[PDB]
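Chain A is the first sequence line, chain B the second, and so forth, proteins listed ahead of strands; every chain is numbered from 1. What's counted below: heavy atoms across the whole structure, side chains too, no hydrogens, waters or symmetry copies.
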Amino acid sequence: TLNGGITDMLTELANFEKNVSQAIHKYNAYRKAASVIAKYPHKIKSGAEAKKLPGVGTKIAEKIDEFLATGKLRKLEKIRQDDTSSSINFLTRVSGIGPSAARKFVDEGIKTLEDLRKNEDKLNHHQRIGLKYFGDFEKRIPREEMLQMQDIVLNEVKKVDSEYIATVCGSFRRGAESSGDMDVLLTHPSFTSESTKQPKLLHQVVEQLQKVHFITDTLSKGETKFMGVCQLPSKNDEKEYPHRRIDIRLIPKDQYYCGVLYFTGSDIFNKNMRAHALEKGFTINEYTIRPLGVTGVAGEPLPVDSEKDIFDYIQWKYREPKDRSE
DNA sequence: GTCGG
DNA sequence: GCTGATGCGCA
DNA sequence: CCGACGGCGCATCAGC
Ligand SMILES: [Mg+2]
Ligand SMILES: [Mg+2]
Ligand code: NA
Ligand code: NA
Ligand code: NA
């Protein structure tokens, strides 16, 4: 793609700030810059040309100058060489290990996949399962496999109760040719902003997905959000499909549209849409959009009959799901 | 690290 | 047991 | 100049 070198550089810097420095705002600064540069329709010739874009300030522009002159970045070269930095970065690639826990493990001499396997007693459940499937989770899911996963989930959900609606969101709903994992929005008429008329609505779906051996492990689970692991069935004599991350989110049926906006993403898109709402005096979460009062606090939910209605409030032209990718 | 006020 | 804080995950 | 910077579910731990 057009400015891949620059955006790769900014992503790598973002990850270093998040994982090693634990400087979450620098992380967000680099992500924002990376995003805006990724959509820019020309090959960037200078750092001062980048500087024009919002979110690209002095420091990133200098770095871009150095990247375009020398084809690399010295700041980043020395981070790749730092033993403690690279190790902390690696460990964070395990699901369940964040920046804090990664720094802890490196300080105790635990720096590699082998060190982790040799020390499974030190790992909570989530981290155990993230290590187990370390390799499978690094792989992307071809859309063709997502279509098989969709068919299994919708049909098994339809068998628990025909009133559930499942919708597959994330990168899939944005039309990507492959996904990092599977994101499933769930609704049932008995769960609304007014009442939970029926208990265990998510449980029964998880349970049924376990019964037929689609869901294989659980990372975390509660009344409205399931995070775990699934796998497609394979044919006689065939190599098994990799295990895949699956997230299931139960959202009140009267708040579907805010839910599907949230869960369709992208994450950076969600951050910018929500930021823009605040400039306009609103707050958007996955349940509602509420006007911000004259003091600061949020009023009562405004009426929403569609995704578009949320865009209209904040005076943004509608973006189709496929146009909300980085 | 960036930016609006 | 509770609550509040924090880590880590999701888009 | 600076303080603001999306929003929240579940797991875990500290303090009661
Ligand atoms: Mg993701
Ligand atoms: Mg996803
Ligand atoms: Na700029
Ligand atoms: Na991680
Ligand atoms: Na996901």
task: Dump the intermediate steps for side chain to side chain contact (heavy atoms under 4.5 Å, CB included) on A/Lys122 and A/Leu116, then the final yes or no.
output: CA-CA 9 Å; A/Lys122 295 230 183 84; A/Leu116 282 176; over 6 Å; no

message: Closer than 4.0 angstrom, basic N to acidic O: yes or no for A/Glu163 and A/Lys158?
response: no

query: Starting at NZ of A/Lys59 and ending at P of B/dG1, how long is that distance when rounded to a whole Å?
result: 4 Å

B/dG1 versus D/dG9 - spacing of their P atoms, nearest Å: 33 Å

Where do N or O atoms of nucleotides 5-7 of chain D meet protein N or O atoms at under 3.5 Å, pair by pair?
from  : atom 1 : to       : atom 2 : distance (Å)
D/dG6 : OP1    : A/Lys271 : NZ     : 2.9
D/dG7 : OP1    : A/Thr283 : OG1    : 2.6
D/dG7 : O4'    : A/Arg274 : NH1    : 3.1

- request: Would you please confirm or rule out a distance under 4.0 Å between OP1 or OP2 of C/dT6 and any side-chain N or O of A/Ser100?
  value: no

query: Rounded to the Å, how far apart are A/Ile37 CD1 and B/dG1 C1'?
result: 12 Å

- request: Quick one: label A/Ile97 by what it contacts on the DNA or RNA (base, sugar-phosphate, nothing), any heavy atom closer than 4.0 Å.
  value: sugar-phosphate

- request: Kindly say if A/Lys104 contacts the phosphate of C/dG7, meaning a side-chain N or O under 4.0 Å from OP1 or OP2.
  value: no

query: Does A/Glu138 pair with A/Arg93 as a salt bridge, N-O distance under 4.0 Å?
result: yes

task: Would you classify A/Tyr27 as touching base, sugar-phosphate or nothing, given that sugar-phosphate means primed atoms plus P, OP1 and OP2, and contacts are heavy atoms under 4.0 Å?
output: nothing

- prompt: Which listed nucleotide (D/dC8, D/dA11, C/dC10) is nearest to the side chain of A/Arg245?
  reply: C/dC10

Whole-Å P distance, D/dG6 and B/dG4: 13 Å

- prompt: Do A/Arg103 and A/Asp107 sit within salt-bridge range, that is, some charged N less than 4.0 Å from a carboxylate O?
  reply: no

query: Taking 4.0 angstrom as the limit, do A/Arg117 and A/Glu114 come out as a salt bridge?
result: yes

- line: By the 5.0 Å side-chain rule, the answer for A/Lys225 is the minor

message: If I take atom CD1 in residue A/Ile24 and atom P in nucleotide C/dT6, what distance separates them, rounded to the nearest angstrom?
response: 15 Å

message: Taking the basic N atoms (NZ, or NE/NH1/NH2) and the acidic carboxylate oxygens, is any pair closer than 4.0 Å for A/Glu145 and A/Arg244?
response: yes

query: With a non-hydrogen cut-off below 4.0 angstrom, is A/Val94 in contact with a base, only sugar-phosphate, or nothing?
result: sugar-phosphate

- request: Consider the side chain of A/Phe263, meaning its heavy atoms from C-beta on, and name the nucleotide among B/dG1, C/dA11, D/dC8 that approaches it most closely.
  value: C/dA11

message: Strictly below 4.0 Å, N to O, side chains only: are A/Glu66 and A/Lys75 in salt-bridge contact?
response: no

A/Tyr287 side-chain N/O to D/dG9 phosphate OP1/OP2 under 4.0 Å: yes

